[PDB]
Structures are given as C-alpha cells and as structure tokens.
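A.B. asks: Dropping a structure here in structure tokens format, bear with me for questions.
Cβ placement follows ideal geometry from the backbone for every residue including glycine, while neighbour counts extend to all protein chains displayed. Any read-out appearing in this document is the output of simple, stated calculations on the displayed coordinates, not a laboratory observation.
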Amino acid sequence: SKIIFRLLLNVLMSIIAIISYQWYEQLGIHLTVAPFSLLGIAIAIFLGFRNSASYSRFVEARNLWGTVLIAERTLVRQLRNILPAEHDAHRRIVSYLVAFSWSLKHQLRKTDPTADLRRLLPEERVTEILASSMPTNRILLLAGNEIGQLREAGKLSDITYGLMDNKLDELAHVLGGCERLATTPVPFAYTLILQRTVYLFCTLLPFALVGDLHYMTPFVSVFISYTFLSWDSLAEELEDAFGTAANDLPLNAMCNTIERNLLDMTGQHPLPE
Amino acid sequence: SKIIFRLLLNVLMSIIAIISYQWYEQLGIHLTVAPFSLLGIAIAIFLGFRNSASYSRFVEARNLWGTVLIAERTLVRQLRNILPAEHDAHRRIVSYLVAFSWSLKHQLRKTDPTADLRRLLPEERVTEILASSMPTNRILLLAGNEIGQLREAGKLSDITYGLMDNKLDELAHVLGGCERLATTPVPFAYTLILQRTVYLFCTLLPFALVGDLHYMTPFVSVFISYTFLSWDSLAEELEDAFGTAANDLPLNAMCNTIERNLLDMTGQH
Amino acid sequence: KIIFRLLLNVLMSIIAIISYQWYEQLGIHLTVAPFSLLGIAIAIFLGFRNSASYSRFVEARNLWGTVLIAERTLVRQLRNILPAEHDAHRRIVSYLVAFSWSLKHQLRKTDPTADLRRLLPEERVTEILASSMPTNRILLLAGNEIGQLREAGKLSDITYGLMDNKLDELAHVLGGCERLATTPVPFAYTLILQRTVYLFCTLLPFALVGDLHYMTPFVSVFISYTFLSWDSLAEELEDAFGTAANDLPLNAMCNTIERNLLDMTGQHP
Amino acid sequence: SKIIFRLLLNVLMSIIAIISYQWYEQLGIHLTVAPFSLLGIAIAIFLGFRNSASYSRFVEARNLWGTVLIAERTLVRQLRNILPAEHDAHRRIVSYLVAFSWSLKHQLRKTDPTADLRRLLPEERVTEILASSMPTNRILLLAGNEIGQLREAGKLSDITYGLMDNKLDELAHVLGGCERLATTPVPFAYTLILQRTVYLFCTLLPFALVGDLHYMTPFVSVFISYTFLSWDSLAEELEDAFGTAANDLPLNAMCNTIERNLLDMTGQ
Amino acid sequence: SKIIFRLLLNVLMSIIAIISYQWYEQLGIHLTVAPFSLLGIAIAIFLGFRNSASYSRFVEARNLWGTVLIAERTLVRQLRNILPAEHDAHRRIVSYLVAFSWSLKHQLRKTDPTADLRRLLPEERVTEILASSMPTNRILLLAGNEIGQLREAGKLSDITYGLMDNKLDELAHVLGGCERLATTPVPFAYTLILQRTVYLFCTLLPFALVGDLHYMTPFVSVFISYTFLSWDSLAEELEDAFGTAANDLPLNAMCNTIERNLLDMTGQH
Ligand SMILES: [Cl-]
Ligand SMILES: [Cl-]
Ligand SMILES: [Cl-]
Ligand SMILES: [Cl-]
Ligand SMILES: [Cl-]
Ligand SMILES: [Cl-]
Ligand SMILES: [Cl-]
Ligand SMILES: [Cl-]
Ligand SMILES: [Cl-]
Ligand SMILES: [Cl-]
Ligand SMILES: [Zn+2]
Ligand SMILES: [Zn+2]
Ligand SMILES: [Zn+2]
Ligand SMILES: [Zn+2]
Ligand SMILES: [Zn+2]
Ligand SMILES: [Zn+2]
Ligand SMILES: [Zn+2]
Ligand SMILES: [Zn+2]
Ligand SMILES: [Zn+2]
Ligand SMILES: [Zn+2]
Ligand SMILES: [Zn+2]
Ligand SMILES: [Zn+2]
Ligand SMILES: [Zn+2]
Ligand SMILES: [Zn+2]
C-alpha cells in the first residue's frame, strides 16, 4: 500500500508545524479550522460522487462477466434439449464458447491468447482467429457458423435457430460492453482534480490544526487524512477492474469456472445403453 | 441491538474524558469541536454513499428472488394452457422447479441441499445433481429436458417450446445474478476500514466534546455515536442478504411461497 | 398529525427557557457546535432515506401503470386478430377487470368477494377464492381462454404467443406488487431516524437557549418543521398502497382500468 | 421569473433588520449565524435531492417522447420493407401515427385536438375518436386495425404482423407512461415543505446575519437568497414536466418533426 | 482551460482584501467566514448533483455509441451465417452501415457528410441521402430495403428477416437517443445559475477569509477557487459530450473502429 507512506509523511508535516509555530505571527501568517472545514466538506462531497461513479463502473464490469456464464450455459442447455443426438456439434460449439471466455480475458489483460486457443481448438481455426483484427469477435462468428450449419443441415428450424441466435447476441453485448469499459475510462480530469486537492489538503491540514490542537496535531491530522485517502484509494481500485490488483476481478478463476461449467453439462458419453 | 456494547463503552470513555481533562494542560493537548466536526461530516457523507450502495445490492437481491416466483408461475401457467391433458409432465416439471428454488436457497447459504432434494425428487436424480459441481444449474438442465421431450414427442410446437424456454432463461439469469451478487467481494477490507473509522471517531469524540460540555459529555457524545453506529450497522446488514450472519426468514419464505403456488396451479395441495 | 409534536416542541422550548437560570446552578453546558455536527449528519441520512422512499413510490406507480398498458394491448390484439369472437372478448375483459380488483384487495389485505361476484359467474368465484393467491388463478383462467381459442384452430401458435406475452407482463406486475408489499425496507430504517429526529428536535432548544435566549422557541420550531416534514413525507412514500394522505388512489385506478376495457369493447359503464 | 421580485423583498427585509438591531437588546433577543447554518445546510441537502428527483422525471418525459419518434419511424420502415407495393395501406397508417403524436400532445397540454385530427383523418374517424373518452388510445386501436386487416388480406403473415405489433405495444407504453406522469405529479408535499421553508429561511436570514455583518447584511443575505431561490425555481419547472413554459419541452417542435419524418419516408 | 485566467485574477482580488482589512470598521463593513461557509457548502452540494447529472449524459452517449458497434457486428454476423453465399449483398449492407456511423457523427457535430458518403456509396444513393431531411434515418431505410428485397426473393424466411429486423430497430433507438441528447441539452438555467454563483462566490471569498487568515488569504482562496471551478468546468464539458473538447467523446476514432470491425478483412468470413 502507498497509503502508509502518506501517513508517515503526515506525521512529519505535523511535527514541523509544531516547531515552526513560533515563527507564525512573526511573518504574519494564520491558518484556522473554519476555512479548511469548507474546503474539506467540498472535497468530501466530490469524492463521494466520484466513488459512486467508480462503483457503478465496477458493477457493470462484474455484470458483464456474469453474463458470459449465463449466456453460454443457456446456449449449451438449449443444444442438449433441442438436439440431444448431435454430440459432435456440442463439443465444437462448447470449445468455441470456452475459447470466447479465454480470448476476452486475454484481450482485457493485454496478453497473448495463442496458448489457450491451441489448447481448445484445431490449428486451422487458431490461424483464422489470429488473422482477424478483432480475434474475439471472430470466435462468435465461427460459433455462429456452427449454429448456422445445423440450420443449413435441416436439424434446426428457423425458430430453434432464432432461440440460439439471441444467446450469441447476448454474448456480443458482453464483448462490446467490455471493450467500451477498457477503451473509455472515467475521464482523467476526475482523478486529476481530486488527487491533487486531497494530497494538498492533507499536507496543509496540520498547519491549520496546529493553533487549536498544539500537541494533539499529529494524532488528529493523520486520522482525518486517513479517511480522505482511503476513500480516494477505493476508487483507484474499482475503476480498473480488468487488471491484476487486489480489488480487480479474478478473471483466471472466472474463466476456469466457465470451462468447468460447460464441460459439466457436456462430457456425458452418448450411447452406453 | 448488537452495538449496545459499544454504546456503553462510549459512556465509559466519556467518564474517562471528564477525569483526565485536568491532565490536558500538562502536555498542552487540546481538542475542539471544529476539527472533529469536519471529520464527522466527511464520515457522514461517506457512510451515506456506502449505505446507498448497500441498499442497491438489497433491492436487486429481492428482485431476482421475485423473478424466481414470476418465471416459475408463468412456466406452469403455459403448461396448463398449451397442454391441458399432459398431467404426467406437469408433476415432473413442478418437482424440478421447486427443487430449483430450494437448491438455490442452500447454494446462497452454503448449506446442505440433500434433505430438500430427496423430498422432491427420486434418488437416481438426487445423486446426479449432487455429483455435479453446479447443482442448481443441473436442475435447470433436467427441467429443460422435460420441456424438450414434449417437443420431440410432437406435443409441443417450436413456437410453444420457445415460449416455455424463455421462462427457463429467466431463472438462469437469476441463478447467474444470485451467484454474482453473493460471491463478489466488492471491497478488499473497506467494509471493515470504514467501520473502523466510525469506531475510532466515536471513542475519540468524548475527548473532543469534554471542553464544550463538561458533564453533558456522556449525554451528547453517546447520541452522536448512536446515529453514526446505527447507520453503519444498517449498511452491514443490507450488503449481505445471502449471508450466514443474515436473516434466513425471507429466503425460506419465498421457497415455500413458490411451492404453495405451483401445487395450487396443478391442483395437488 | 405532526402538529401534536410541533406544540410539544414549543412546550419543551419553554422548559429550556425557564431552566436556563438553573444551567450553571446544576452545572450543565450545551453549545450549538456539537448539535450542528449531529444535525448535519441526520440531514444527510434523511436525504438518502427519502430518495430510497421515492424510488419505492415510483416503482409502485409504474407497476399499476403497466396493468393499464398490458390489459389495453391484450384487448387490442384480441380485436385485431379475432374480430368475430366477441364471446371471447367479454370473458377475457371480465377476467382482466377482476384481476385489477383482486390485485387491489390483495395489496389492501381485504375481501374481494363483493367485486368478484359482480363480474364473474359463481362457479369461478368459488374456484378463485379456493386458491392461495386469487390473482394468479385469474391469470391462469384468462390464459385458458386464449388457450381454448388456440385449440379450436382460431389462433395459431404465433398469435397465441403475442397474447401470452401480455399475460406474462401482468404476472411480472403481480410479482412486483407483492414484493413491495411483503418485503418492506428493513425494520431499522424507521426505528433509527424517526426516534432520532424526535430526540434531536426536543433536545435542540436546550442547546439553542445559550445563543438565542427568548428567540429559542421560534427558531427551534423552524428546524423541527423542516426535519419532521421531510421525515413524514418519506414514511408516506414508503407506505404504499394504503389509505394515507399521500398514497395511490387504487379505487380510482381500478375504475379507470374498467372504463378503458369497456370502452374498447364498445360498452358503456 | 418570480425571483427578481423576491430578491428586492430580501433587500427590503435586510434594511428592516439593520434599523431594528438597536431594539434587540431592549427586547432581550440574540440571533447567531450557527443555528441558521445548521438549518440552511439541511435545506441545501433536501433541495439537492428534490432537484435530482425533478430532473429524473424530466428525463423520463424526454425518453418517452423520444420513443414516439423511434417506434413510428420503425413501423413505417417495416411497412416499406415487407410491403413495398401496398401504398394505400401506408397512407392510412402514416396519417394514424401522426394523429397519435398530436393527440398525445393535446392530451398532455389539455387542449382540443379537433383541428389537428380533421387535418389528417376523414370525418368518419375523427367523430369516432372524439367520441371516445381516451382519444389517443382510440387511434392505436384503429392503427392496429390497419395492420390486422393487412394480415387478414394475406399480405402480412402471422410473423410479420408480430414484428409490427411490438411497435404498437411500444407506443402504448408511452401513452401509459405519459398519463402516469400527468395524472400523478411529484407529491405536493415536496413543493409544500420546501417553498414554505425557502421563503421563510431567506426572510429570517438577515435578522440572524445583522449581528455579525451589520451593513454588509443586504449584500450577503441576497446572495444566499439568490442561490436557494434559483435552485428551487429550477426544480419547480422540471417537476411538471410538460406545460407551456419556456424551460419545458418544445412539444410543438417535436410533433412537427415526427410529422415531417413520416412524410419524408413515404415521399410526400 | 480558461480556469488559469480566473485563478490568477482571484489572487489579485485577494491582494485587495489584505490592504483594505484595516479600514473594515471605518467603512462599517463586517465579513465573517460562517455565512460564506453556509453559502459555499450549499454551492458544493448543487455542484455535486449537477456534475453527477452531467456524467450520466456522458455515460448514456457512450453507451449508445457502444451499441452502434454491437448491433452492426451482429447484423453482419447474421448475414454471414444465414446467407453465406450472398457476397454482393454483404458489401452493399456493410457500406450502408459504415455510412450510418459517419453520417451520425456529422449530424451530431453539424458538419458536411458528403465527403464521407462519396467514399462509401454510389452517387445515385448519396443524392437520395442528401435529399432527405434526416439523412441518417434514410440510410437505415436504404439498408432495410436490402434486407427486405432478400425476403422478396425468398432467400430469407419471415423468421430470419425478423432477426435482422430487430438489429435495425436497435440502431434506430441509438439515432433517437443521440438526437435527444444533441437537439436539447440541459436546461439553460442549470448553467446560468451556477456559473454566476460559483465565480461571484470565489471573488467575494477572500474578503470574508482575510479576518481569519490575514497573509495566507491568497493561498487558501486560490485553493477553494481551484476545487470549485475545476468541478464546474468538468460538468460543463461532459454535458456536451458530442463537442470537440478534451473530456468529450472521440467520435472520429469510434467511426474508424466501426469501419475496421465491419470490414474485418475486406468483408470476408
Ligand atoms: Cl457431447
Ligand atoms: Cl397435474
Ligand atoms: Cl403492453
Ligand atoms: Cl370487442
Ligand atoms: Cl423501435
Ligand atoms: Cl405512401
Ligand atoms: Cl412509400
Ligand atoms: Cl445485438
Ligand atoms: Cl463479402
Ligand atoms: Cl494584513
Ligand atoms: Zn452432448
Ligand atoms: Zn442486441
Ligand atoms: Zn395439470
Ligand atoms: Zn439469456
Ligand atoms: Zn460553569
Ligand atoms: Zn408491453
Ligand atoms: Zn367484439
Ligand atoms: Zn417473464
Ligand atoms: Zn407507400
Ligand atoms: Zn384506393
Ligand atoms: Zn373544440
Ligand atoms: Zn460475404
Ligand atoms: Zn424498439
Ligand atoms: Zn491582517
């Protein structure tokens, strides 16, 4: 945590305010609580509204990765109920849906997806995915091909295809939502204005409190600084949700759960009497 | 009250603040209202936003369990309307749908679902559901198999199947919603950090209010503490509705309400 | 209703005026600054409470709005697809009107027998009252009317599906309305704030008397009026469907629904 | 602009507080800023939440009238794409949909739609619509008749009818939405509490401020009054959210845009 | 940023406050921190609510532009799945959809769209687009005609047409949503009330702050003037997300992303 260094600096800023208190009126400088109370309340309001915006983006990030689990379950679930005999079709579609989860993971984590794609799909398909400028959207097209080919075979009617097509439409809203959160953040000015005001408020606070507290200055100033800094750092963990930090989503575990889910519903060996 | 231990501790610290006030001039330590007022208003704003997020989680929690009630009612309604003669199918689907509700209750609470599943389903399926790592999802698959088998027999058309399949999707959106809302740790320790900030503000407050109130310190300081601690403990309850430390009554009720409703529709009681 | 405490607030202020000459005699200090910090905190918590209460009232009004929308569109679809089947029209409308009235009685926790016998044959009223939830039975009986027209050959599976969607939407309303009635916003919400504001407003003139002297009862009743009126509005918005001053006129709403559905069929009330 | 008359009243109430300040010690009355700070902050919190609720109902009114534009554009678009030859059908439905837009406007504004209805529709239909107690709903039923009769002619299938029916369902949600906003206003308590409080706070404010500010009282008190009254008046206009005021929705401009769009798509 | 000018002018106003403080009791002028504190907190609350509503407009504008990508991705995807042989049909529809994004961008910015329309579509169609009052809605009708004529031949059934029809309905919701934000912004009172109040508070702030701070008056007044004006400017920027400012949407880059998505490898699959 980088918060603890700021707390140690707040103690140092408090002690230098205590010893230099003699040279205050000799220069003619005064700092009271009431002007800093107005500034602090203003900052406490603005931080609250920013953290609300940061939480709302984190909820949206959590919701979209929840939908990957829902849409892929229901698509395999529909496949098992409508076409219970097409087991060769199942394992092809399943492998694409697992691959979609892993490729979406690596797209948000800015990492190479080649290892996971080769683990799940044949080399003719991995080359096709990597050729595309948008690799994860290619997978949905290739998964869409498999549902389309079953409709082309006559195994799926236009109604049963339409029921399965809507699940792929849900999956497209996941990818488009995840890309939108990754590319467009909370406008940088939000974090730039507040982080500047908080740090400058926390350092100038013991100088404003030294006249009222005298010797209790380091104990109180830290306790006020801690409240304003913890709330500021809370938003700095929620805004970026697709990284590898403490509050950031465990996407490795989530993709493992999806892989476990889709190989739980399938994998049941057909025709053992 | 649960927090009444900390309320009497606040009065205990107030009496300490009165007697030790004589020693304050020996080190040159002073505590005015204005520094603790700025901190107090700041905490009050931060508790307001946190409680709003806690309420937001609670409303969505009840909405999902409302959809369990809605989707299962409308699935049984569609079965009676489209296929009025197929009572053998009715009994099986209702058995699975109620088994979905109870298994979801035991999944959110992390409790054993074996006793409830054995009551509603035969042992061939109970072992199959318990073998799966996702038991509630397995029930939806088996419920989907019942709708799917009526389609393959020729009794359900592709459109009438589609109407019933959408109701199974609603329950699957709930399961995925409930799984997400229970297994998310939205803070690292900030649910405890903000709780600790309230605690230490409450205990240091009588030392700050002793100069302005003297003997009225235990009266006013406990009344400020009460308003802050009650609002903090309220957000603690609303954040985890599907908790082991949370009330079991609203979750056990809606599982019985759905069982009572589905048995009434088919005409069994 | 709030005037009973507004007169009590002036009476408590009179006590604060006469006892001010005994303040330093008893040895008590009460400054404005600690009560300012507490009062701002309460104002924040009431601000979030009233906002949460407003969202309940909006959702409750929206659900009853959807009854009027869904039933209009169901009759509209019946007239466009099957213009000849007026025997179907009159039966379904009488069910949809009965659903609205039984929804009113369910939320109010009252007997619906007086309104059900007015609209429906006696055998159906006995069947409706037999069920655990009367409204869910009506939607099932209205669904059977659409279902029997599908079995006759007059409605295809597609045209059944369009009419079925509105019956699904009405069941989402029923599940929504039941949720807002059966699950109130947790116990503590009113237990904290209502009693906190009462104890704040009565103990405030004791703190105000040091700075205001004889203007104490005039300014204390000002702050009390603003705090209590915001408190009372939030309780009127939370609850709900009943017979309070600021609540939904459900008797007038059900009459508007009945008049709309009779007007579309070519009938006069 | 009710504010400018009230701002001059506040300066006039401030000068009373200055001249009667010599009488304060005689009556035994002392007024500090600190209790009025507590009250004013509370008012500012409650005004902030009310204005938030008022803006939310304005956005909802904007979104519903946005849906009028979208659902009617798409229904005409669906008609041209499925049935490119049936122009006799187009002329009636477009005129019905435009009549829906104007009838919804006149129902919300509480004005007579007779002049607009006879401008678009034949006398056999206008007299039938005006006969109905819900004239905007009557248009949706007659618009549904045109889609329904195209289905019964064998020109529209059950599938293509269902795609068009969803748009009529979407416009019916708007009608029920707009009626909900009109018949049920923002609880009159919100206006009864705050407006009484804001006016009484601003009037009583210089009497507490005169003890600390003296001759700067009419400058400071009028600037606090301006902030509190401007925010209250803004929330008042957003609460409606319709009507004839300048701050409200330009519904005449919107209905003409809908009328122009549907006549553009048909080539008229 | 125009704040840097108003920040430097705020320091100059603070120098006037320092030199004139001696003459305060001579001129008969008293200015304390407490009334300006009450005013400043009130402004900070109203700025907090405005900035939140401003951000909500920015989010909804981004969400609609996100939908442009998603709805067009799937519309081409469905064409690449249902009709994989119709390659000449693909390139015609794709070109309309790329033209839809660019024509939307130029409509919201109020600039000439002819330069980008010629780049993507034939001259017989570009003139038909420019002839219409709403050029972006005309493109949806022209792209819809391509889907409609494939149904006319019998290549698409009524069901598979409906799947593609829903996607063009989704794009029309973006068109109406983006117009709603652009044609009418926030009420003009919102901007004119706050921008008058914020700076007139900031200029009159050092005159009230001089009594407590003396020589530190320009340091603290520029701090508060920074925090209040930076929040007002951010709110003013985000309200018009379709403008050409720093915190606004990069709509030029977004349309290039849509173009590269729909033309994945010159329209191949
Ligand atoms: Cl398989
Ligand atoms: Cl049965
Ligand atoms: Cl509807
Ligand atoms: Cl009829
Ligand atoms: Cl639409
Ligand atoms: Cl025409
Ligand atoms: Cl035409
Ligand atoms: Cl889509
Ligand atoms: Cl191509
Ligand atoms: Cl000086
Ligand atoms: Zn299989
Ligand atoms: Zn979509
Ligand atoms: Zn049965
Ligand atoms: Zn789904
Ligand atoms: Zn004493
Ligand atoms: Zn509807
Ligand atoms: Zn009839
Ligand atoms: Zn449903
Ligand atoms: Zn035409
Ligand atoms: Zn003709
Ligand atoms: Zn007339
Ligand atoms: Zn192609
Ligand atoms: Zn639509
Ligand atoms: Zn000086």
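A.B. asks: Residue by residue through segment C:13-34, note down the ones that are in contact with a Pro (Cβ under 9 Å, 6 or more places away or on another chain) and surrounded by 15 or more Cβ atoms within 10 Å (Cβ to Cβ). Working first, answer last.
C.D. replies: Filtering segment C:13-34 down to residues in contact with a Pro (Cβ under 9 Å, 6 or more places away or on another chain) leaves C:13-17, C:32.
Scanning segment C:13-34 gives C:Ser13, C:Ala16, C:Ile17, C:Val32.
A.B. asks: Quick check: is even one residue across segment D:105-117 crowded, with 23+ Cβ neighbours inside 10 Å, at the interface with another protein chain (Cβ under 9 Å from one of its Cβ atoms), away from ligand 19 (no atom under 16 Å from the Cβ) and closer than 13 Å to D:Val174 by Cα?
C.D. replies: No, every residue in segment D:105-117 fails to be crowded, with 23+ Cβ neighbours inside 10 Å, at the interface with another protein chain (Cβ under 9 Å from one of its Cβ atoms), away from ligand 19 (no atom under 16 Å from the Cβ) and closer than 13 Å to D:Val174 by Cα.
A.B. asks: From the list E:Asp248, E:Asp264, which one is of a type in the set (D, E, K, R), facing another protein chain (nearest Cβ under 7 Å) and either over 19 Å from E:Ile41 (Cβ atoms) or more than 16 Å from ligand 17 (Cβ to nearest atom) (or both)?
C.D. replies: Details: E:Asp248 fails: facing another protein chain (nearest Cβ under 7 Å).
Going through E:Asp248, E:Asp264 in turn, just one is of a type in the set (D, E, K, R), facing another protein chain (nearest Cβ under 7 Å) and either over 19 Å from E:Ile41 (Cβ atoms) or more than 16 Å from ligand 17 (Cβ to nearest atom) (or both): E:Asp264.
A.B. asks: Residues in segment C:146-177 that are among the basic types (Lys, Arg) and over 29 Å from the mean Cα position of the chain (by Cα): how many? I'd like the intermediate steps shown before the answer.
C.D. replies: First, pick out the residues of segment C:146-177 that are among the basic types (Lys, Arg): C:150, C:154, C:166.
If we keep only those that are over 29 Å from the mean Cα position of the chain (by Cα) too, we end up with C:150, C:154.
Within segment C:146-177, residues that are among the basic types (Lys, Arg) and over 29 Å from the mean Cα position of the chain (by Cα) number 2.
A.B. asks: Which of the residues spanning segment A:121-170 are without any contact (Cβ under 8 Å) to a residue 24 or more places away in the chain, closer than 19 Å to E:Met164 by Cα, more than 16 Å from ligand 9 (Cβ to nearest atom) and among the aliphatic types (A, V, I, L, M)?
C.D. replies: Scanning segment A:121-170 gives a single hit, A:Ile159.
A.B. asks: Do we have any residue at all in segment C:51-62 that's over 15 Å from the mean Cα position of the chain (by Cα) and at the interface with chain D (Cβ under 10 Å from one of its Cβ atoms)?
C.D. replies: Residues of segment C:51-62 that are over 15 Å from the mean Cα position of the chain (by Cα), as a first pass: none.
There is no residue in segment C:51-62 that is over 15 Å from the mean Cα position of the chain (by Cα) and at the interface with chain D (Cβ under 10 Å from one of its Cβ atoms).
A.B. asks: On the basis of being within 25 Å of A:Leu213 (Cα to Cα) and either of a type outside the set (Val, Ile, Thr) or crowded, with 18+ Cβ neighbours inside 10 Å (or both), does B:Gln78 make the cut?
C.D. replies: Details: within 25 Å of A:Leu213 (Cα to Cα): no; either of a type outside the set (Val, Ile, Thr) or crowded, with 18+ Cβ neighbours inside 10 Å (or both): yes.
Judged against the criteria, B:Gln78 is not a match.
A.B. asks: Same structure again: I'm checking my understanding of the structure. Among residues of segment C:1-18 that are touching a residue at least 24 places away in the same chain (Cβ under 8 Å) and not β-branched (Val, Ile, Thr), which one is farthest from ligand 23 (Cβ to nearest atom)?
C.D. replies: For segment C:1-18, the residue satisfying everything is C:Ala16.
A.B. asks: From E:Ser54, E:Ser14, E:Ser37, grab the single residue that is buried (at least 19 other Cβ atoms within 10 Å of the Cβ), within 16 Å of ligand 10 (Cβ to nearest atom) and assigned to a helix (DSSP H, G or I). Break it down into steps so the answer makes sense when it comes.
C.D. replies: Values: E:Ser54 fails: within 16 Å of ligand 10 (Cβ to nearest atom); E:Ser37 fails: within 16 Å of ligand 10 (Cβ to nearest atom).
Result of the check over E:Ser54, E:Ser14, E:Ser37: E:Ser14.
A.B. asks: Return yes when D:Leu12 is of a type outside the set (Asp, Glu) and within 30 Å of D:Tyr190 (Cβ to Cβ) and no when it is not.
C.D. replies: Values: of a type outside the set (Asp, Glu): yes; within 30 Å of D:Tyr190 (Cβ to Cβ): yes.
Here the answer is yes, as D:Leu12 does meet what is asked.
A.B. asks: Only one residue in E:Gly148, E:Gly144, E:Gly177, E:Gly162 is part of a helix (DSSP H, G or I) and more than 30 Å from A:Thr160 (Cα to Cα). Which one?
C.D. replies: Working: E:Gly148 fails: more than 30 Å from A:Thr160 (Cα to Cα); E:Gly144 fails: more than 30 Å from A:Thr160 (Cα to Cα); E:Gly162 fails: more than 30 Å from A:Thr160 (Cα to Cα).
None of the others qualify; the one that does is E:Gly177.
A.B. asks: Let me ask another. Sort out which residues of segment E:194-213 are away from ligand 10 (no atom under 16 Å from the Cβ) and in contact (Cβ under 8 Å) with a residue 40 or more places away in the chain, and write them in order of number. Give the derivation first.
C.D. replies: Restricting attention to segment E:194-213, the residues satisfying the condition of being away from ligand 10 (no atom under 16 Å from the Cβ) are E:194-205.
Within segment E:194-213, E:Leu194, E:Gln195, E:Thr197, E:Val198, E:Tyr199, E:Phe201, E:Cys202, E:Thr203, E:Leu204, E:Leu205 meet the criteria.
A.B. asks: Find the residue count for segment C:61-88, including only residues that are in contact with a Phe, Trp or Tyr (Cβ under 9 Å, 6 or more places away or on another chain) and either surrounded by fewer than 22 Cβ atoms within 10 Å (Cβ to Cβ) or closer than 23 Å to D:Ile147 by Cβ (or both).
C.D. replies: Summing the residues that are in contact with a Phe, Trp or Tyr (Cβ under 9 Å, 6 or more places away or on another chain) and either surrounded by fewer than 22 Cβ atoms within 10 Å (Cβ to Cβ) or closer than 23 Å to D:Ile147 by Cβ (or both) in segment C:61-88 gives 3.
A.B. asks: Could you list, in sequence order, all residues of segment E:58-75 that are more than 9 Å from chain A (Cβ to nearest Cβ) and buried (at least 21 other Cβ atoms within 10 Å of the Cβ)?
C.D. replies: Taking segment E:58-75 as the starting set, the residues that turn out to be more than 9 Å from chain A (Cβ to nearest Cβ) are E:60-61, E:64, E:68, E:72, E:75.
Within segment E:58-75, E:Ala61, E:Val68, E:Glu72, E:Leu75 meet the criteria.
A.B. asks: Tell me, which residue of segment E:129-141 that is more than 13 Å from D:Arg73 (Cα to Cα) and touching a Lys or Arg at 6+ places or on another chain (Cβ under 7 Å) is surrounded by the fewest Cβ atoms within 10 Å (Cβ to Cβ)?
C.D. replies: Top of the filtered list is E:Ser133.
A.B. asks: Now for a separate question. Given the residues B:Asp169, B:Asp232, B:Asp264, which is the only one that is assigned to a helix (DSSP H, G or I) and within 16 Å of ligand 2 (Cβ to nearest atom)?
C.D. replies: Selected residue: B:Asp264, the only one of B:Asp169, B:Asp232, B:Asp264 that is assigned to a helix (DSSP H, G or I) and within 16 Å of ligand 2 (Cβ to nearest atom).
A.B. asks: Right, next: Residues of segment A:258-273 being facing chain B (nearest Cβ under 9 Å) and in contact (Cβ under 8 Å) with a residue 12 or more places away in the chain, which ones? Walk me through how you get there before you give the answer.
C.D. replies: Taking segment A:258-273 and keeping what is facing chain B (nearest Cβ under 9 Å), we get A:260-261, A:264-265.
Scanning segment A:258-273 gives A:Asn261, A:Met265.
A.B. asks: Does segment E:85-102 contain at least one residue that is surrounded by fewer than 21 Cβ atoms within 10 Å (Cβ to Cβ), of a type in the set (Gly, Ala, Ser) and within 10 Å of chain A (Cβ to nearest Cβ)?
C.D. replies: no
A.B. asks: While we're looking at this one, here's another question. C:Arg91 fails exactly one of the following numbered conditions: (1) surrounded by 22 or more Cβ atoms within 10 Å (Cβ to Cβ); (2) more than 16 Å from ligand 3 (Cβ to nearest atom); (3) basic (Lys, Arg). What is the number of that condition?
C.D. replies: (1)
A.B. asks: Moving to a separate point now. Could you tell me whether E:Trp102 is part of a helix (DSSP H, G or I), in contact (Cβ under 8 Å) with a residue 24 or more places away in the chain, more than 16 Å from ligand 11 (Cβ to nearest atom) and in contact with a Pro (Cβ under 7 Å, 6 or more places away or on another chain)? It would help to see each step written out before you state the result.
C.D. replies: Values: part of a helix (DSSP H, G or I): yes; in contact (Cβ under 8 Å) with a residue 24 or more places away in the chain: yes; more than 16 Å from ligand 11 (Cβ to nearest atom): yes; in contact with a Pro (Cβ under 7 Å, 6 or more places away or on another chain): yes.
It is true that E:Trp102 is part of a helix (DSSP H, G or I), in contact (Cβ under 8 Å) with a residue 24 or more places away in the chain, more than 16 Å from ligand 11 (Cβ to nearest atom) and in contact with a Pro (Cβ under 7 Å, 6 or more places away or on another chain).
A.B. asks: Just checking, which of E:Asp232, E:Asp248 is buried (at least 20 other Cβ atoms within 10 Å of the Cβ) and not hydrophobic (A, V, I, L, M, F, W, C)? If you could, list the steps in order and put the result at the bottom.
C.D. replies: On the way: E:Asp248 fails: buried (at least 20 other Cβ atoms within 10 Å of the Cβ).
None of the other options fit; the residue is E:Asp232.
A.B. asks: Also, I was wondering about something else. Could you say whether any residue in segment A:64-74 is more than 14 Å from chain B (Cβ to nearest Cβ) and either out of contact with any helix residue (DSSP H, G or I) (no Cβ under 9 Å at 6 or more places or on another chain) or under 29 Å from E:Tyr161 (Cα atoms) (or both)? Walk me through it before giving the result.
C.D. replies: The first filter runs over segment A:64-74 and keeps only residues more than 14 Å from chain B (Cβ to nearest Cβ), leaving none.
No.
A.B. asks: Considering only segment B:180-196, state which residues are among the β-branched types (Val, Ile, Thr) and either at the interface with chain A (Cβ under 8 Å from one of its Cβ atoms) or part of a helix (DSSP H, G or I) (or both). Spell out how you get there, then give the answer.
C.D. replies: The first filter runs over segment B:180-196 and keeps only residues among the β-branched types (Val, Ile, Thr), leaving B:183-184, B:186, B:191, B:193.
Matches in segment B:180-196: B:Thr184, B:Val186, B:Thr191, B:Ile193.
A.B. asks: While we're here: With respect to B:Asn10, determine if the residue is within 13 Å of chain A (Cβ to nearest Cβ) and in contact (Cβ under 8 Å) with a residue 60 or more places away in the chain.
C.D. replies: Numbers: within 13 Å of chain A (Cβ to nearest Cβ): no; in contact (Cβ under 8 Å) with a residue 60 or more places away in the chain: yes.
Here the answer is no, as B:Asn10 does not meet what is asked.
A.B. asks: Further question: Out of the residues in segment E:143-158 that are crowded, with 19+ Cβ neighbours inside 10 Å and among the aliphatic types (A, V, I, L, M), which is farthest from ligand 13 (Cβ to nearest atom)?
C.D. replies: This residue is E:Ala143.
A.B. asks: Now for a different question. What is the residue count in segment C:212-249 for residues that are surrounded by 18 or more Cβ atoms within 10 Å (Cβ to Cβ) and more than 31 Å from the chain's Cα centre (by Cα)?
C.D. replies: So the answer is 6.
A.B. asks: Just need a number here: residues in segment D:1-34 that are within 11 Å of chain E (Cβ to nearest Cβ) and more than 33 Å from the chain's Cα centre (by Cα).
C.D. replies: Just the residues of segment D:1-34 that are within 11 Å of chain E (Cβ to nearest Cβ), to begin with: D:1, D:3, D:18, D:32-34.
Filter once more, keeping what is more than 33 Å from the chain's Cα centre (by Cα): D:18, D:32-34.
Qualifying residue count, segment D:1-34: 4.
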